[PDB]
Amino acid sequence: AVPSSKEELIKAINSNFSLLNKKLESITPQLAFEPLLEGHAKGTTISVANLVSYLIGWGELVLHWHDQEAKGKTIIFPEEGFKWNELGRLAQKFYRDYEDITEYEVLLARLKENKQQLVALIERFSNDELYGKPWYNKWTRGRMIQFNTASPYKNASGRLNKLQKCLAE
């Protein structure tokens, strides 16, 4: 099973995020910018800071989809200039988009503020708007939000777990 209602979506976001944030807070800032993790496509090595940038980029993109929609613009999925089979390259874009935020603590604050903006976004829609009808092809709005919030938060926690093993060896 996967979240199937507004209430379960919000729970899954808060929960996955709280576990991720605990792990992120435990990383020494002076190590957060070094290439130490496997990336989002074959043969890359990324930093913790890159991983957080990835999450913020996906969250800002979900907000961007909603902004385009609010303004009556046609949404290009996943993003203008990218196909769905090019999500590895989109990851690269997100790393570069936040590569200026060089203080680890400002990076974490940005991620938190993004998560809160996404929770506030979901809160504006009814359970029926989110889960009772298609939004992108057969996918509901809720599912499309989930895929790019709660799911990458959990995936990132798993990646951090592997790292934290090494840093105790």
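From 1 onward, residues are counted along the sequence shown.
- The stretch 102-110 shows the higher mean C-alpha B-factor when 102-110 is compared against 50-58 in the entry.
- Mean CA temperature factor is higher for 158-166 when stretches 4-12 and 158-166 are set side by side in the entry.
- The PDB entry assigns the greatest CA B-factor among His40, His66, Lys115, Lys133 to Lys133.
- In this entry, the residue among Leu121, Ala70, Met144, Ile27 with the greatest C-alpha B factor is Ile27.
- Sorting the modelled residues of the chain by their CA temperature factor places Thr149 in the middle third.
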